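Okay, so we've got the same protein chain twice, two forms, each given alone as structure tokens, structure 1 and structure 2.
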Structure 1
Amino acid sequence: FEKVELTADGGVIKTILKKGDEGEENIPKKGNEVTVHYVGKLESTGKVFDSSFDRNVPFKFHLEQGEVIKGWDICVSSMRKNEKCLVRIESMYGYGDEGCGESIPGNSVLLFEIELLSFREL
């Protein structure tokens, strides 16, 4: 499995589950609205905290605008259209010491599957 470090400290590590368009490297760019599916779980307890797959509602955000946690901007920036990946995001690139509400404690390593479906620009 194609497995790579997206930050030099190993804080964001991506394993490719299914290769996308690697032949033509069809990759989104900063500012593009991206459409993905995802599932997120805590590495510590294994608890799944969210799944757009189970909702069956694809998730949209603008890439590299700080709309999402840094490890996501870094991860999705590296994905080819139709790629499915597993990404491990250390707390510094996630929610840090604060965590996120009742579902994500402080100092949490996060594991997400992300599937890049589509992207667009105005």
Structure 2
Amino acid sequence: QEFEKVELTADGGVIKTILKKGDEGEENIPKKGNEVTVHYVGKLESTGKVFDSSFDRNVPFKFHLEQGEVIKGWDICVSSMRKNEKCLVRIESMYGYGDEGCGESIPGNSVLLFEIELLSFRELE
């Protein structure tokens, strides 16, 4: 295969395609509570339109892994990533914004596609 496809929930709700392999070893995978730094771009599957590319180039996005800060599919995806990994992740609505959707562009029952690059992570004191 060109790329490794990784099913991250058994229900098919979160599926990752590894575009660029990251660094081998457990020490290179972020742990719960760590600050992680990424680039990303998000696209809505239904319309095919990119809704967020603000963090896709020079500006990094930071969040705390597995701390209720982001949609579940992001915690599930990033917890599987190796430092320097670039992936495509397809997130069904159960692991995204569910029925509520988000903002003007993302309705209920949306499938989201993100490209995510894991740049770095750190443990908090």
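Between two forms, the rigid core is the largest collection of C-alphas that superpose within 1.5 Å. Structure 1 provides the reference sequence; residues are numbered from 1 along it. Residues that one form lacks are left out of the comparison.
A.B. asks: So which one of 47, 29, 55, 60 actually moves, Cα shift of 2 Å or more between structures 1 and 2 once the core is superposed?
C.D. replies: Between the two forms, the residue that moves is 55.
A.B. asks: Could you state, for a rigid core superposition, the Cα shift of residue 101 between structures 1 and 2 in Å?
C.D. replies: Displacement of the C-alpha, rigid core superposed: 1.3 Å.
A.B. asks: What's the distance in angstrom the Cα of residue 38 travels between structures 1 and 2, core superposed?
C.D. replies: That residue's C-alpha is offset by 0.2 Å.
A.B. asks: So which segments really shift between structures 1 and 2, if a segment has to be 3 or more residues long and each C-alpha must move 2 Å or more after the rigid core fit?
C.D. replies: Those runs whose C-alphas all shift by 2 Å or more are 22-25, 52-56.
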